[PDB]
Amino acid sequence: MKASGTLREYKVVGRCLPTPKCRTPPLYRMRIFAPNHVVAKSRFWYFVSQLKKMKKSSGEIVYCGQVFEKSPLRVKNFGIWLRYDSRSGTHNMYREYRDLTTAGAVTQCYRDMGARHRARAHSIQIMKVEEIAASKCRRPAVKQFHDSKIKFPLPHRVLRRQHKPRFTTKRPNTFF
Amino acid sequence: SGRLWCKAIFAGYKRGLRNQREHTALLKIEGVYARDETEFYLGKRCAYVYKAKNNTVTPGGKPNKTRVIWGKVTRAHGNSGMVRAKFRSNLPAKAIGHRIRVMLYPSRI
Amino acid sequence: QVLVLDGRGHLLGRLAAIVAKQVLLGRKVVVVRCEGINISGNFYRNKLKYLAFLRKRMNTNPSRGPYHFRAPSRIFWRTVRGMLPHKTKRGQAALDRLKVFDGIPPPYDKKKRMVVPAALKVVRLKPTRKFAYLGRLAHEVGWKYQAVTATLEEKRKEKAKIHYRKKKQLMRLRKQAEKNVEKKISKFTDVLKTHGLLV
Amino acid sequence: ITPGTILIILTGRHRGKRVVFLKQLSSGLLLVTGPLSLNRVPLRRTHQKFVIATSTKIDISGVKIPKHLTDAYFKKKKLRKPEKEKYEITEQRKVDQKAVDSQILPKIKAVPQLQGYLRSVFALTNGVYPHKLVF
Amino acid sequence: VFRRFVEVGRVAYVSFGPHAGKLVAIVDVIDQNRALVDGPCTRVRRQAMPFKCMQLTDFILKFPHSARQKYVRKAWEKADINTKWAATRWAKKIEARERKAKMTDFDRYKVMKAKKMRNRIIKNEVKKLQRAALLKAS
Amino acid sequence: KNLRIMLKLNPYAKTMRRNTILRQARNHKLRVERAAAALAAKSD
RNA sequence: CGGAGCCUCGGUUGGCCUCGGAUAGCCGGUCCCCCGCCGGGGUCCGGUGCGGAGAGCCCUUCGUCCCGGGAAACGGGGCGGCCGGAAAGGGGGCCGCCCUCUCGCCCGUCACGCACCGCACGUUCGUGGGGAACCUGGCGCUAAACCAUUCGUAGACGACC
RNA sequence: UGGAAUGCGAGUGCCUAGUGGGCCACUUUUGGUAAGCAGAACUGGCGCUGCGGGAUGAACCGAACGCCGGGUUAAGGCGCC
RNA sequence: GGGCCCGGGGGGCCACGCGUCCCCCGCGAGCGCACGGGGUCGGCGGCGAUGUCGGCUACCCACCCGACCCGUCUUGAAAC
Ligand SMILES: [Mg+2]
Ligand SMILES: [Mg+2]
Ligand SMILES: [Mg+2]
Ligand SMILES: [Mg+2]
Ligand SMILES: [Mg+2]
Ligand SMILES: [Mg+2]
Ligand SMILES: [Mg+2]
Ligand SMILES: [Mg+2]
Ligand SMILES: [Mg+2]
Ligand SMILES: [Mg+2]
Ligand SMILES: [Mg+2]
Ligand SMILES: [Mg+2]
Ligand SMILES: [Mg+2]
Ligand SMILES: [Mg+2]
């Protein structure tokens, strides 16, 4: 899987193909984060196969649909439990993020895992994603934004319109 | 009286890195530094204007040393406002870095 | 006609990249105060870079090149030459469209200087990063006219200060004059404000 | 391009001049007038692709353009040579110019600084870029 | 040295993006780069916005962090940020910028004539003020 | 792209296109009237 | 120093005549206060998504006629003198004149100009650079280099003294 | 009811040149410390083959070639060259 | 929902002769416009006898991109 663009959260439900032994095999559900639904079903079959004696040939997808963020206008803290392969082992991490959507938080995890650990998306398994209250967060990067009277300036604002104009008479001012 | 044409530069021919298509010229137009601003200049006439030793007939005038190769803007090139132009004859390589007149006709405004 | 640039507070390679593309399109460029140009990284690791360049020489005849120019202007010039196809007539024509100066000699001392915000150090570097000064680096690899250029640059700044005070004087009169003739020019002041020229 | 619109001619000896658009002839060419007394552009045909239509408009809805002013009216007549043959302004054209001008000219003078605007020529200058400016 | 702070209620001008030219209020801070903003009286839905596309103004509305859009609008109307904004030189300079941009060819002609005459009158007066200052020197 | 070429291959296409045009114009006329009423309702 | 032209070479198609700089800070007024050979610091007051803004400024060209209203009258155009500039030096400003105009700008009045009958290389910088000549006036100049000879502080020959 | 899908016109006979030094890569693999070493399997290449990309390069990556115009791409790229 | 969108009590149909038997209950005329078996104008302008018009290619020159010297043996040649 390529963690392309902003991921979506998919609810994938699958089961073993019914057989005379078991005419109604049990139903399984997973939370999948993927770029599109085609990738979402593919990853499902990759995960259930690791937990059950099942695979695409001997099973079917019963429901694939996007789970929509339920409070897209409310800031939340997300705890993420993931495992990943490094160059020389596997590890379990717990990570935290602040975001408005749970799929946005998961995307941050992939970019972050790529930035800080050079971990490609194909080597990352998001085990669990929870919304966490400010009092249960652990990472100081997230906790410093739990301040009702938070304030801070924007020092040294760099000129981003550096080629409009490309040549000017006045030098830029970085203080605002 | 005054100028009635926009100022352009003959930046170079159409090319990859090691192949050159001389039938298309890349033009840089003064003040046009993005692709969304090139829309005004599509289809407008272009003139490489120069002087030679021998006299030649001037439409509406008497023979002089001025000569012109006509062309027109055909499409935008890139993201920063370069346009592709085509002329009745491939531009001479000595024209690279020199003025190309871009006329205000055919008017669409 | 001529694009005059001020090299103070510009990073060496970003200025060269823009300048090289400009003279290849047929524009004349003058860069003054090449000793005021900057390079990212601590001074020491940039001095080692030029000393490594200084060691490059034809083992059988050093006089045949490379030629290691020591002036901050010539260092910049060679850097723009490295971004041009200078072994072809088209590149050499462009290279002749560029003049480089230490200090600001006439006539550019009495002309307005433009900058390139895409090459300015205040824009392109993080403020905590170290950087080198082209003039100091040049002075410590054999450049001989650092002390003189500074001496003449201080004379120019003294004269430019008197010129600025004269211009501020002529601007204070300009503002006063607009009050004296406010009645007579009020109508023409409404046209300009109606169309955004005056706020 | 609506009747009464001011157009900037882009070609011919009258290039850069600002003229008043009267009507579109059956051939599709436009009919315009300077008027003559303002910029020495007479009743003359012009092609629309070669004019810039400004946003300035006078109301010439009450102007009665003579009906004989047609494509055949403005078509060039051939002149023969064996030295040179010179074009002459027929007395009818002068009469037609005055009849149309006498109705447009008073309406131009109704708008302040418009007659002077029509006397002045269009040109591009330093820093002025056609794609940026409104006409 | 800092005078404008990213805080709850700060009104920020949006310089570029899909909402360029509008005013929004900082409702909450997500992380170092993003904030929850709201434009109830300026046609902006509550959403995340980076600080990069924001320019802080001098107004600071008083509502609790993450209060719903009803109370952001209520504070906006009490402070009359819309009319106060239009009275600032910052807003006026924006207005002048767009007035000049839309100038028609005829408008540009009339400005040239007005500017032509206005500049001559000022120059003549400056000449007289210079000559008058000369006599005091003598 | 060419209408009369389509009708040579599928004459019914003319019926479908005429119906679409009439339906779409009719649905637009409702939305404006709905919107116009709402705006008038707000003015009250 | 002060006429017609003829070749040839090209490009270009308004100008910006200048503080120094800072960037976790800036810019302009303010001399009332303190220093100095009119300049610096303080105070105070203004601006600061720079508007005393290069996102800018200046100039703007269809021409002429007649007569009005604003603007000028300390004004426009034109021969003599003194400061002044050296990093690669100023056809800027100032003072005299005997002259030369009430027009230069803005808003109007009034007409006229090849109005060449829709059409390109138009419009400058342009008395442009270089070359032969032809005139036509004034004021000025009347040299050296190399060879040859000689030298031997030099020398394969050239070169060099 | 020409008895699975899909695609495609097939069968057959004479005469016949050059070749019978190869070499390279993914994977498998023998000897060897290893070798741009020697020796095998499979497929694909280079040899016989230009062209875009890998600065440069037999074999890598893309793609295979009549003489052209327009459009769009692959692999690769987009500070300047 | 499906049944020529089953049966009964404002808007589009590639319905539109009839004698009937009854399931059920073989040729109208003209005229015209065209998104219709691949472009035409029943549209125009300038210039021309001593200095100008056209002349691909060819002679010379310039510039931009490309470009290693052929034959040969060879797995491999621009090959030191
Ligand atoms: Mg010319
Ligand atoms: Mg030395
Ligand atoms: Mg082997
Ligand atoms: Mg062989
Ligand atoms: Mg083969
Ligand atoms: Mg091949
Ligand atoms: Mg390589
Ligand atoms: Mg092609
Ligand atoms: Mg490259
Ligand atoms: Mg090459
Ligand atoms: Mg051989
Ligand atoms: Mg061999
Ligand atoms: Mg060979
Ligand atoms: Mg070799």
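In what follows, chains are A, B, ... by sequence order, proteins preceding strands, each numbered from 1. Quick note: numbers below take in every heavy atom, side chains included, and nothing from hydrogens, waters or symmetry partners.
A Watson-Crick or G-U wobble pair joins H/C37 and H/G31, with the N1-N3 or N1-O2 distance and the second distance both under 3.5 Å. In this structure, H/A74 forms no base pair with H/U33 under the Watson-Crick or G-U wobble definition at 3.5 Å. Between I/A15 and I/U20 there is no base pair of the Watson-Crick or G-U wobble kind with both donor-acceptor distances below 3.5 Å. Taken together, G/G46 and G/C79 fail the test for a Watson-Crick or G-U wobble pair, since the two needed distances are not both under 3.5 Å. Between G/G108 and G/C67, a Watson-Crick or G-U wobble pair is formed, both defining distances falling under 3.5 Å. Between G/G89 and G/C32 there is no base pair of the Watson-Crick or G-U wobble kind with both of its two distances under 3.5 Å. Entry note: H/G18 and H/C42 fail the pairing test, Watson-Crick or G-U wobble at under 3.5 angstrom for both distances. Base-pair annotation: G/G63 with G/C112 meets the Watson-Crick or G-U wobble criterion (two N/O distances, each under 3.5 Å). With both atom-pair distances required to fall under 3.5 Å, no Watson-Crick or G-U wobble pair links I/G37 to I/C61.
The phosphate of G/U8 (OP1 or OP2) has a side-chain N or O of B/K65 nearer than 4.0 angstrom. Taking 4.0 angstrom as the limit, A/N173 places none of its side-chain polar atoms (N or O) nearer than this to OP1 or OP2 of G/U23. An OP1 or OP2 oxygen of H/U72 is reached within less than 4.0 angstrom by a side-chain nitrogen or oxygen of B/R75. When the side-chain nitrogen and oxygen atoms of A/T174 are compared with OP1 and OP2 of G/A24, one or more of them lie within a distance under 4.0 Å. Dashed line: the shortest gap from a side-chain N or O of E/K123 to OP1 or OP2 of G/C59 is under 4.0 Å. Taking side-chain N and O atoms only, E/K113 has a distance below 4.0 Å to OP1 or OP2 of G/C106. Contact between the side-chain N/O atoms of B/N19 and the OP1/OP2 oxygens of I/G66 is not found at any separation under 4.0 Å. Within the structure, every side-chain polar atom (N or O) of D/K76 is placed at least 4.0 Å from both OP1 and OP2 of I/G45. At G/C16, none of the side-chain N or O atoms of C/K112 fall inside 4.0 Å of OP1 or OP2 (strictly under the cut-off). Remark: E/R120 is in phosphate contact with G/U60, judged by side-chain N or O atoms under 4.0 Å from OP1 or OP2. Residue D/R13 places no side-chain N or O under 4.0 Å from the OP1 or OP2 atom of G/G113. Contact check, F/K14 against I/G36: no side-chain N or O comes under 4.0 Å of OP1 or OP2. Between G/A115 and D/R40, a contact under 4.0 Å exists linking OP1 or OP2 to a side-chain N or O. In this model, the phosphate group of G/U13 is approached by a side-chain N or O of B/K7 to a distance below 4.0 Å at OP1 or OP2.
Rounding to whole angstrom units, CZ of residue B/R67 and P of G/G10 are separated by 11 Å. Following rounding to the nearest Å, C/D109 (CG) and G/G89 (P) show an atom-to-atom distance of 12 Å. Between the CD atom of D/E85 and the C1' atom of G/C114 there is a distance of 14 Å, given to the nearest Å.
A ring-centre distance under 6.0 Å is not found for B/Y48 and B/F10. Between E/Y13 and E/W90, the gap from one ring centroid to the other is short of 6.0 Å.
Not both conditions hold for G/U61 and G/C62, whose six-membered rings lack centres under 5.5 angstrom apart with planes under 30 degrees, so their bases do not stack. The six-membered rings of G/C98 and its strand neighbour G/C99 do not satisfy centres under 5.5 Å apart together with planes under 30°, so the two bases count as unstacked. For the strand neighbours H/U6 and H/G7, base stacking is present under the 5.5 Å centre-distance and 30-degree plane-angle rule. The six-membered rings of G/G70 and G/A71 are stacked: centre distance under 5.5 angstrom, interplanar angle under 30 degrees.
For B/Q20, the side-chain atoms get nearest to I/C65 when compared with the rest of G/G11, I/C65, H/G70. Considering only the side chain of B/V68, G/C121 comes nearest among G/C121, I/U52, I/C63. Of the candidate nucleotides G/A71, G/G108, I/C64, G/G108 has the atom lying nearest to any side-chain atom of D/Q115. Among I/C63, G/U123, G/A87, the nucleotide with an atom closest to any side-chain atom of C/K155 is G/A87. Among the nucleotides H/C81, G/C114, G/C58, the one closest to any side-chain atom of C/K21 is H/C81. The side chain of B/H23 approaches H/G70 more closely than any other nucleotide in the set H/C81, H/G70, G/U123. Side-chain atoms of E/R97 lie closest to G/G51 of the nucleotides G/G51, G/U123, G/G54. Of the candidate nucleotides I/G36, G/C58, G/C121, I/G36 has the atom lying nearest to any side-chain atom of F/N2. The C/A160 side chain lies nearest to G/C19 when the options are G/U48, G/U109, G/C19. The side chain of C/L24 lies closest to H/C81 when the candidates are H/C81, G/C112, G/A87.
Going by the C1'-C2'-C3'-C4' torsion, the sugar of H/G76 sits on the north side, since that angle is positive. Sugar conformation at G/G104 is south: the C1'-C2'-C3'-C4' dihedral has a negative sign, consistent with the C2'-endo side. The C1'-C2'-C3'-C4' torsion of G/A156 is positive. Its sugar is therefore classed as north. Its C1'-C2'-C3'-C4' torsion being negative, the sugar of H/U49 is assigned to the south family. Because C1'-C2'-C3'-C4' is positive for G/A144, its sugar is assigned to the north class.
Syn is the conformation of G/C19, whose glycosidic angle sits no further than 90° from 0. Base orientation of G/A72: syn, the glycosidic angle falling within 90° of 0. Nucleotide I/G48 carries a syn base; the chi torsion (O4'-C1'-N9-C4 or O4'-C1'-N1-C2) is within 90° of 0. Under the 90° criterion around 0 for the glycosidic angle, G/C103 counts as syn.
Contact annotation for E/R3: base contact, defined as any heavy-atom pair under 4.0 Å involving a base atom. Note on C/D102: a base of the nucleic acid sits closer than 4.0 angstrom, heavy atoms only. Base engagement by E/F2 is indicated by at least one non-hydrogen atom pair under 4.0 Å involving a base atom.
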Worksheet item: Should D/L114 and D/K109 be marked as a side-chain contact (heavy atoms from CB on, under 4.5 Å) after you check the CA-CA gap, both sets of side-chain angles, and the distance that decides it?
Response: CA-CA 7 Å; D/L114 184 59; D/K109 318 230 182 203; over 6 Å; no
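Summary of the strand contacts: C/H86 and B/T74 both lie near RNA chain H, and taking for each the nucleotide with the nearest heavy atom, the more 5' one is attributed to B/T74. Projected onto RNA chain G by closest heavy-atom contact, E/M117 and D/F74 fall at different nucleotides, the more 5' of which corresponds to E/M117. Between B/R101 and A/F176, the one whose closest nucleotide on RNA chain G sits nearer the 5' end is A/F176.
In this structure, D/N39 contributes its side chain and D/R18 its backbone to a donor-acceptor pair below 3.5 Å.
Of all nucleotides present, none satisfies the Watson-Crick or G-U wobble test against I/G46 with each distance under 3.5 Å.
Ion pairing between C/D109 and C/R156 fails under the 4.0 Å rule for side-chain N and carboxylate O.
The one candidate from D/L36, D/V32, D/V100 that meets the side-chain contact (heavy atoms from CB on, under 4.5 Å) condition with D/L43 is D/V100.
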